[PDB]
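Asker: Data: coords08.cif, mmCIF, C-alpha atoms and all ligand atoms.
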```cif
data_work
loop_
_atom_site.label_atom_id
_atom_site.label_comp_id
_atom_site.auth_asym_id
_atom_site.auth_seq_id
_atom_site.Cartn_x
_atom_site.Cartn_y
_atom_site.Cartn_z
CA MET A 1 7.44 5.68 20.89
CA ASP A 2 5.12 4.68 18.00
CA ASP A 3 5.16 1.04 19.09
CA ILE A 4 1.34 0.84 18.97
CA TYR A 5 1.54 0.59 15.14
CA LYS A 6 4.94 -1.07 15.00
CA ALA A 7 3.83 -3.87 17.34
CA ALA A 8 0.69 -4.31 15.25
CA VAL A 9 2.72 -4.95 12.09
CA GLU A 10 4.08 -8.13 13.74
CA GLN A 11 0.47 -9.38 13.83
CA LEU A 12 0.87 -9.76 10.08
CA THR A 13 1.52 -13.35 9.04
CA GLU A 14 4.47 -14.43 6.90
CA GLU A 15 2.09 -14.86 3.99
CA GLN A 16 0.67 -11.37 4.53
CA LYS A 17 3.97 -9.77 5.39
CA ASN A 18 5.90 -11.42 2.51
CA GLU A 19 3.14 -10.76 -0.04
CA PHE A 20 3.04 -7.23 1.37
CA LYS A 21 5.96 -6.54 -1.00
CA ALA A 22 4.43 -8.56 -3.88
CA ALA A 23 1.72 -6.05 -4.83
CA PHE A 24 4.00 -3.17 -3.82
CA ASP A 25 6.47 -4.31 -6.48
CA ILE A 26 3.85 -3.72 -9.23
CA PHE A 27 3.91 0.02 -8.52
CA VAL A 28 7.72 0.18 -8.21
CA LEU A 29 8.72 -1.70 -11.39
CA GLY A 30 11.49 0.84 -12.16
CA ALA A 31 11.13 3.19 -9.18
CA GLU A 32 14.61 3.98 -7.86
CA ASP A 33 12.89 5.93 -5.09
CA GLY A 34 11.15 2.77 -3.80
CA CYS A 35 7.84 4.66 -3.35
CA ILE A 36 4.54 4.99 -5.31
CA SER A 37 4.32 8.43 -7.01
CA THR A 38 0.58 8.39 -7.84
CA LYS A 39 1.54 8.04 -11.52
CA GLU A 40 2.28 4.36 -10.83
CA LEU A 41 -0.65 4.33 -8.37
CA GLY A 42 -3.36 4.44 -11.09
CA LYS A 43 -2.72 0.69 -11.28
CA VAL A 44 -3.96 0.36 -7.68
CA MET A 45 -7.45 1.46 -8.70
CA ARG A 46 -7.28 -0.86 -11.70
CA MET A 47 -6.68 -3.81 -9.34
CA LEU A 48 -10.04 -3.00 -7.81
CA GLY A 49 -11.43 -2.26 -11.29
CA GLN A 50 -11.12 1.54 -11.71
CA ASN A 51 -8.94 3.89 -13.86
CA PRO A 52 -9.51 7.48 -12.53
CA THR A 53 -7.12 10.36 -13.39
CA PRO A 54 -3.59 10.41 -11.76
CA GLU A 55 -4.62 13.60 -10.00
CA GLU A 56 -7.65 11.74 -8.64
CA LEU A 57 -5.21 8.96 -7.62
CA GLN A 58 -3.11 11.53 -5.78
CA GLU A 59 -6.12 12.45 -3.63
CA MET A 60 -6.27 8.80 -2.57
CA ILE A 61 -2.65 9.20 -1.45
CA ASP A 62 -3.42 12.61 0.05
CA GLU A 63 -6.18 11.22 2.27
CA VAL A 64 -4.28 8.00 3.07
CA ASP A 65 -0.81 9.63 3.48
CA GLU A 66 -0.49 10.50 7.19
CA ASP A 67 3.09 11.84 6.82
CA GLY A 68 1.90 14.29 4.15
CA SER A 69 4.60 13.49 1.57
CA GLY A 70 1.99 13.12 -1.18
CA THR A 71 3.67 9.77 -1.86
CA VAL A 72 3.42 6.26 -0.40
CA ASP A 73 6.56 4.17 0.08
CA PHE A 74 6.96 0.62 1.36
CA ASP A 75 7.63 1.77 4.95
CA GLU A 76 4.64 4.16 4.91
CA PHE A 77 2.61 1.52 3.15
CA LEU A 78 3.77 -1.05 5.70
CA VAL A 79 3.40 1.09 8.86
CA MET A 80 1.02 3.95 7.86
CA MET A 81 -1.58 1.48 6.69
CA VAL A 82 -1.44 -0.08 10.18
CA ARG A 83 -2.87 3.27 11.31
CA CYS A 84 -6.17 2.05 9.84
CA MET A 85 -5.64 -1.44 11.30
CA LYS A 86 -5.06 -0.16 14.86
CA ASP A 87 -8.47 1.62 15.02
CA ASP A 88 -8.63 1.91 18.86
CA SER A 89 -8.75 -1.81 19.80
CA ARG B 147 -4.00 -4.87 5.58
CA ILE B 148 -6.29 -1.76 5.64
CA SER B 149 -9.33 -3.83 4.53
CA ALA B 150 -10.04 -7.25 2.95
CA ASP B 151 -6.71 -6.72 1.14
CA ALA B 152 -7.47 -6.63 -2.61
CA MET B 153 -3.69 -6.50 -3.13
CA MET B 154 -3.30 -10.21 -2.42
CA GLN B 155 -5.52 -10.88 -5.49
CA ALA B 156 -4.26 -7.74 -7.27
CA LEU B 157 -1.49 -9.52 -9.20
CA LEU B 158 -4.09 -11.03 -11.54
CA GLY B 159 -1.59 -11.40 -14.47
CA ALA B 160 2.15 -12.18 -14.46
CA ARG B 161 5.22 -13.03 -16.59
CA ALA B 162 8.44 -15.05 -16.04
CA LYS B 163 6.66 -17.66 -13.90
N1 LIG A 201 -9.89 1.58 -1.72
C1 LIG A 201 -9.84 1.83 -0.28
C2 LIG A 201 -10.64 0.79 0.54
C3 LIG A 201 -10.09 -0.65 0.30
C4 LIG A 201 -8.61 -0.73 0.74
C5 LIG A 201 -8.01 -2.14 0.52
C6 LIG A 201 -8.07 -2.54 -0.97
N2 LIG A 201 -7.35 -1.62 -1.88
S1 LIG A 201 -5.64 -1.26 -1.61
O1 LIG A 201 -5.31 -1.69 -0.29
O2 LIG A 201 -4.92 -1.87 -2.70
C7 LIG A 201 -5.44 0.49 -1.74
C8 LIG A 201 -6.63 1.31 -2.05
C9 LIG A 201 -6.54 2.79 -2.18
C10 LIG A 201 -5.25 3.50 -2.00
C11 LIG A 201 -4.02 2.72 -1.69
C12 LIG A 201 -2.68 3.37 -1.50
CL1 LIG A 201 -2.44 5.08 -1.62
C13 LIG A 201 -1.49 2.55 -1.19
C14 LIG A 201 -1.60 1.07 -1.06
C15 LIG A 201 -2.91 0.38 -1.25
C16 LIG A 201 -4.12 1.16 -1.55
CA CA A 202 3.89 9.66 2.66
#
```
Please, can you express the file's structure as structure tokens?
Ligand SMILES: NCCCCCCNS(=O)(=O)c1cccc2c(Cl)cccc12
Ligand SMILES: [Ca+2]

Answerer:
Amino acid sequence: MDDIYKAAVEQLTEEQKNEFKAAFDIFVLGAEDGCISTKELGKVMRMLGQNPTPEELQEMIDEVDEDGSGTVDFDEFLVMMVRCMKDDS
Amino acid sequence: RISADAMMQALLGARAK
């Protein structure tokens, strides 16, 4: 019954939705798990233009990770991120 | 996505094509 975020994900365009994977793939170059383990995440800050410690990267996951796995996978990245997008509207 | 979506531009450099 979490359709309020699931329905929102459909609002994503094909360009957005398809490219959603594109950047995700940078983190999971050889990740069998299919998730970002903060170690790979440090690249995420670099994209912006920052290279803070992996532990510091983990905090970014910790704050952002609603499930509390300490990791961010494609599904969490895809749906969890929509948690921010929904923002009571 | 969450914001402006820096990830769309994030690729910056690439190989293979
Ligand atoms: N830096 C936060 C504010 C801007 C957010 C949009 C631009 N940056 S981003 O969307 O690539 C991004 C930023 C910080 C943590 C992330 C995690 Cl844990 C997973 C996937 C993407 C993430
Ligand atoms: Ca998680």

Asker: Do you know which residues are within 10 Å of ligand CA 202 (chain A) using all atoms listed in the file? Can you write them as a ChimeraX atom specification?

Answerer: /A:35-37,61-62,64-77,80

Asker: What lies within 12 Å of residue B:157 using all atoms listed in the file, ignoring chain neighbours under 5 positions off, as an MDAnalysis selection string?

Answerer: (chainID A and resid 19:27 43:44 46:48) or (chainID B and resid 151:152)

Asker: So that I can see what lies close to residue B:149, please list as a list in words the residues with an atom at most 10 Å from it, counting all atoms listed in the file and leaving out residues fewer than 6 positions away in the same chain.

Answerer: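 Here the answer would be residues 81, 84 and 85 of chain A.
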
Asker: Quick one: pull the distance between atom CA of residue A:1 and atom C3 of ligand LIG 201 (chain A), Å, one decimal.

Answerer: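 That distance, rounded to one decimal, is 27.8 Å.
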
Asker: Kindly indicate which residue among A:63, A:3, A:33, A:55 lies nearest to residue A:79, using all atoms listed in the file for the distances.

Answerer: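 For residue A:79, the nearest of the given residues is A:3.
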
Asker: Do a neighbour search on residue A:12 at 10 Å with all atoms listed in the file, toss out local chain neighbours closer than 5 positions, and write the hits as a list in words.

Answerer: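 Contacts, with the query itself left out: residues 7, 17, 18, 20 and 82 of chain A; 147 of chain B.
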
Asker: Could you work out how far atom CA of residue B:155 lies from atom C5 of ligand LIG 201 (chain A), giving the answer in Å with one decimal?

Answerer: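 A separation of 10.9 Å between them.
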
Asker: When you draw a straight line from atom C5 of ligand LIG 201 (chain A) to atom CA of residue B:148, how long is it in Å?

Answerer: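 Value for the atom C5 of ligand LIG 201 (chain A)-atom CA of residue B:148 distance: 5.4 Å.
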
Asker: Of the residues A:38, A:30, A:15, A:60, which is the one nearest to chain B, using only C-alpha atoms?

Answerer: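 Ranked by minimum distance to chain B, first place goes to A:15.
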
Asker: For ligand LIG 201 (chain A), which residue out of A:57, A:32, A:39, A:16 is the nearest one, using all atoms listed in the file?

Answerer: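 The answer is A:57, which sits nearest to ligand LIG 201 (chain A).
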